[PDB]
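S.K.: Need coordinates for the below:
(5 chains)
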Amino acid sequence: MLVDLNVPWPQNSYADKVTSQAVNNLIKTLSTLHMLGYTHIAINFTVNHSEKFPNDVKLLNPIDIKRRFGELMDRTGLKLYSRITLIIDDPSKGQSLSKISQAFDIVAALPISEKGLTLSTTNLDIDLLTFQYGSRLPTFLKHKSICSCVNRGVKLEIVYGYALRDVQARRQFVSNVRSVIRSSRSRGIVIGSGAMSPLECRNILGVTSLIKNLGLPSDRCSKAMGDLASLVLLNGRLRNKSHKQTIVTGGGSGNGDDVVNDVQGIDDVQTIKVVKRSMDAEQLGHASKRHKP
Amino acid sequence: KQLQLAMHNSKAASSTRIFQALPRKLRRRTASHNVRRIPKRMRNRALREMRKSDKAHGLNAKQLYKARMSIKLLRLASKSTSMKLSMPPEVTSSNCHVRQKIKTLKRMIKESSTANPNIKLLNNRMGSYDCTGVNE
Amino acid sequence: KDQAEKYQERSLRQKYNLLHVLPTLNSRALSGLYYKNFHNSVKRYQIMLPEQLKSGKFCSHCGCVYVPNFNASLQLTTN
Amino acid sequence: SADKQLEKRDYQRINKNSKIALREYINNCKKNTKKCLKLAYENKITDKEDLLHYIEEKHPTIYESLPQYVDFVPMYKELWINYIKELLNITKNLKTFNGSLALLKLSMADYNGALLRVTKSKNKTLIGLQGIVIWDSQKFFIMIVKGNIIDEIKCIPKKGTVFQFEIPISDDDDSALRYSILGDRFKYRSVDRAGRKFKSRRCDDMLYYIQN
RNA sequence: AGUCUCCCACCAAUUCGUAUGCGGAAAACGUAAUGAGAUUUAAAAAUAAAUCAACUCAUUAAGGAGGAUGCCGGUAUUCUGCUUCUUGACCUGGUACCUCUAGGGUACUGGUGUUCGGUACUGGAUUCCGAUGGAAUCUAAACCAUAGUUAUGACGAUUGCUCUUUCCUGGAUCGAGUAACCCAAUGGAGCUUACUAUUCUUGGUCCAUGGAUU
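M.R.: Numbers count the residues shown, from 1 in each chain, chains lettered A, B, ... in the order given. Let me share the structure:
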């Protein structure tokens, strides 16, 4: 496939509401990304761990994909997922990842301290680990504590939206990216695009050009926003649709029928799938020995 | 433990001398700190030997080897420290003094086969002699 | 999640199921598998052995060295 | 003074006889089917009815050693769907349903009376098989399969395979619920109430599930 | 590569004097045969748990002779004898003895009453004594690798190998790859882990599944 894992939802925190112009800009850039050839699109959210989440569990995500972007999915046939990223600065601050991981589909944490880096690599349920590439990374990246979290269900993300914004941030971007590929041995990495407008978007032939210049080869950079991000989506989606990756609430055969490929068919409010009873006990047990589909 | 004696000793040298690290052909690495471990086949035989309870009166055909090796097993498992068999087997909780000293060593081996000829012991207390074959 | 003692109904229902499979289609010498599953599921519950001194102790069960749940009228696999 | 803590010397013997009877039963059924099918090539009997008479009248001794799929149907499957149907409190009006809780119960349930079908796998010579399980081992599913003229006993591996099963709901337009079980993370399940060293693992070997 | 074992001074005997299925100086070492078990157990988590494989455990001295099962005096198999030998547990009570200085040591004989032993050597230079011996002074070393100290670089020209476009360990053509896991720090023998997803390669097995044979 072709997948983009980051499109910033315009909002500071749970404090202020969103103006309509930002939403129209989001629609325009979403249509542009579709025009470039992207099938599955994420939508990020940036909150800090040191702030209260609302008590009422229903309002833990205001994206509301099913009824904000219905017509765009009708025409373009796009698939939209929600996502959350949490700022981690100091542990022993409460607000565990129990309920916030319930409403969302992907949970990620970016650390900005030594304690944050220690906490967010061995003893968390996250699936994406990201840094802030427009500043100074908190620690020299140890060669052992990063390669020993890839073997769990965690991956690293590179956002190139910082390489097209200003002049001073480019140096930090280059240095931090070189450090990350050097320390992580370049095994599990995915690429997003924090574009704030249609001008900043790039296609598959114009995202590999930048990254190939910072050390990463071409085939790996193609696999970056390929099946790897699909596996990230799979881990994100197998957390509220199954117990321990053993009993999913999914559907049957036929192309585009999975737990990630099917978004409209599954009633997420009740997590059930009512389907036509077309397969019974008194029918021949083979593919072609029975002919009726 | 007073450094005054250390200063007095170094008075037979310079003020602050410097010593080199060892040449690399004279270095060794530290082994383990716990006592050695016995093979299991030497443990089972000794355990079953001590747990056992106690027609010219010799009657020892092929049993001489059994006795002469049970003696060694008893001595080993009564002497070595690495022998950690179980809680009951001890030197006195089981008859080790009585066995192989007034039961096996003399009553059994000595009274079956008389010592063979050539009792010429040696002229040494270390086995040392000649092994030459004239014309063979 | 499971409540404090709402799980009792589930435990008794699963017990009922693994008990019912023995008096159904018991003409096959392979009911031993289901017997073994039942006993593994009855120890795993740490429950006191089910109403013993009545059945399951060398009578009305395990007619030979297998468990065919031997029927009334002295029916047996006779191996 | 009535536990008889040493009655457990038959459980060992029962467990030893079970695993030697099952192998012979499976081999007997497989050999019987393989021998019986080769008689239809020299003759013209192609239907599930007349073959029964022909075998029971020309080779009658081995007739009583065939699966007869229908014998497993009448209440061993169709009358044990009610088991799960009552284990989850499933009725006509399902607005009182609780997802992620039925997902908990089904993870600790018994899958001997049930109907299974393969949807996706890493072996594309196995798609579409539908059967009734009899014994679910640790490394296999063993099930009975209805053929065109003769039944078979099929053992299919769990590693690299996805199954589904349906559950009838009520008498309203004959709808149902649909669930799917994976095959690579099934041995690490809790059989009953336990909780068992649930570690964390990668997912790079579960690619075929979303490959298309 | 590692939170792991063993060796890199000697012992005729307070030092593993340990003939123990076979190999080995030794090993948290290898391998053969028979047989049996898995929280109901010698034991693992609440390796295996239809068969074969895998995990763990129990038993089994070499040589040579004799008789027989099988096949042409023989070999594989099976039961019965023989030979291999340094007065050796620790503690302790008695008698006799000793070239040992009232105490020590040695012979014969009674009593169930987790690391600890001895012996030993620095490199180099100068000097002194009627000597294959003895004595004194000064100075720092013992620094040593067909990768050797956190170096193993920047590029070109041919030939192999795998796949493949057209052909005639077969030959000529068209076009792509030569990877992944990773890196010495005093050396060696072991073991334990990580890898090769039409993304470098080679060989097998399946009482696994689908088709053709028949």
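
S.K.: The stretch 101-250 of chain A against RNA strand E: which residues are in contact?
M.R.: A:147, A:185, A:187, A:219, A:223 (C-beta under 7 Å from any atom of the strand). Heads up, the C-betas are built off the backbone N, CA and C, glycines and all.

S.K.: same deal with chain D?
M.R.: Residues of chain D lying near RNA strand E (C-beta under 7 Å from any atom of the strand): D:8, D:11-12, D:15-16, D:19-20, D:22-23, D:26-27, D:38, D:41, D:123, D:125-126, D:129, D:135, D:137-140, D:142, D:154-157, D:190-192, D:194-197, D:204.

S.K.: Could you list which of these belong to strands?
M.R.: Using DSSP state E, the members of those that fall in strands are D:135, D:142, D:154-156.

S.K.: are any of those buried, and which?
M.R.: Buried by 16 or more other C-beta atoms under 10 Å in any protein chain shown: D:135, D:142, D:154, D:156, out of those.

S.K.: who touches the second one in this structure?
M.R.: Residues touching residue D:142, when contacts are defined by C-beta atoms under 8 Å, 6 or more residues apart in numbering or on different chains, comprise D:26, D:133-136, D:153-155.

S.K.: Residue of chain C nearest chain A, please.
M.R.: residue C:1 (11.6 Å; C-beta to the nearest C-beta).

S.K.: In three-state terms, label that residue for me.
M.R.: coil (DSSP: H, G, I helix; E, B strand; the rest coil).

S.K.: check contacts around it.
M.R.: D:101, D:104 are the contacts of residue C:1 under C-beta under 8 Å, 6+ apart.

S.K.: try 10 Å
M.R.: D:100-101, D:104 (C-beta atoms under 10 Å, 6 or more residues apart in numbering or on different chains).

S.K.: Out of those, who's the most crowded?
M.R.: residue D:104 (17 neighbours; other C-beta atoms under 10 Å in any protein chain shown).

S.K.: Identify the residue spatially nearest to that residue, adjacent ones excluded.
M.R.: Nearest residue to residue D:104, sequence neighbours excluded (C-beta to C-beta, 6 or more residues apart in numbering or on different chains): residue A:243, at 5.9 Å.

S.K.: Can I take it that the one you found is in a strand?
M.R.: No: according to three-state DSSP, residue A:243 belongs to no strand; its state is coil.

S.K.: How many residues are close by it?
M.R.: Neighbours of residue A:243 (other C-beta under 10 Å): 21.

S.K.: Tell me if stretch D:37-48 is near chain A.
M.R.: No: Stretch D:37-48 lies out of reach of chain A by C-beta under 10 Å from any C-beta of the partner chain, never closer than 10.7 Å.

S.K.: end-to-end on that stretch?
M.R.: 11 Å (C-alpha to C-alpha, to the nearest Å).

S.K.: buried sites along stretch A:17-29?
M.R.: So for stretch A:17-29, counting by 16+ other C-beta under 10 Å, buried means A:26, A:29.

S.K.: Spatially, and excluding backbone neighbours, which residue is closest to whichever residue of chain C sits closest to chain D.
M.R.: In chain C, no residue comes nearer to chain D than residue C:32, which is 3.8 Å away by C-beta to the nearest C-beta. Distance criterion C-beta to C-beta, 6+ apart; nearest residue to residue C:32, sequence neighbours excluded, is residue D:18 at 3.8 Å.

S.K.: which residues sit in contact with that neighbour?
M.R.: C:29-36, C:66-67.

S.K.: Assign the residue nearest to the spatial centre of chain D to helix, strand or coil.
M.R.: Closest residue to the average C-alpha location of chain D: residue D:133 at 1.6 Å, with C-alpha atoms, centre = their mean. Assigned with three-state DSSP, residue D:133 falls in the strand class.

S.K.: still on that earlier bit, so the residue of chain C closest to chain D is in contact with residue C:61, correct?
M.R.: No: Residue C:32 is beyond contact range of residue C:61, at 11.6 Å (criterion: C-beta atoms under 10 Å).

S.K.: I'd guessed residue D:174 sits against residue A:274; true?
M.R.: No: using C-beta under 10 Å, residue D:174 is not in contact with residue A:274, being 11.3 Å away.

S.K.: Could you pull out the residues contacting both of these two?
M.R.: Joint contacts of residue D:174 and residue A:274 (C-beta under 10 Å, 6+ apart) do not exist.

S.K.: so where does the nearest residue in space to residue D:210 that is not next to it in sequence fall, helix or strand?
M.R.: Among residues not flanking residue D:210 along the chain, residue A:258 sits closest, at 5.2 Å (C-beta to C-beta, 6+ apart). Per DSSP states H and E: residue A:258 is located in neither a helix nor a strand.

S.K.: and residue A:42, what helix or strand is that in?
M.R.: Using DSSP H and E, residue A:42 falls in strand A:40-43.

S.K.: picking that back up, could you tell me which ones among the contacts of residue D:142 also sit near chain A?
M.R.: residue D:154.

S.K.: What about the residues of the stretch 101-250 of chain A next to RNA strand E, which are in helices?
M.R.: Counting by DSSP state H, these place A:147, A:219, A:223 in helices.

S.K.: RNA strand E: which of those is nearest?
M.R.: Nearest to RNA strand E among those is residue A:219, at 5.1 Å by C-beta to the nearest atom of the strand.

S.K.: So the closest one versus residue A:90, what's the distance?
M.R.: Separation of residue A:219 from residue A:90 (C-beta to C-beta, to the nearest Å) stands at 40 Å.

S.K.: what about those two, which has more around it?
M.R.: For residue A:219 and residue A:90, the more surrounded residue by other C-beta under 10 Å is residue A:90, and the numbers stand at 12 against 9.

S.K.: So that one sits against residue A:118, correct?
M.R.: No: with contact defined as C-beta under 10 Å, residue A:90 and residue A:118 do not form a contacting pair (11.5 Å).

S.K.: Tell me the buried residues in the strand or helix carrying residue B:77?
M.R.: Using DSSP H and E, residue B:77 sits within helix B:63-79. Residues of helix B:63-79 classed as buried: B:67, B:70-71, B:73-74, B:77-78 (neighbour count, 16+ other C-beta under 10 Å).

S.K.: just those residues that are near RNA strand E?
M.R.: Applying C-beta under 7 Å from any atom of the strand to those, those adjacent to RNA strand E are B:71, B:73, B:78.
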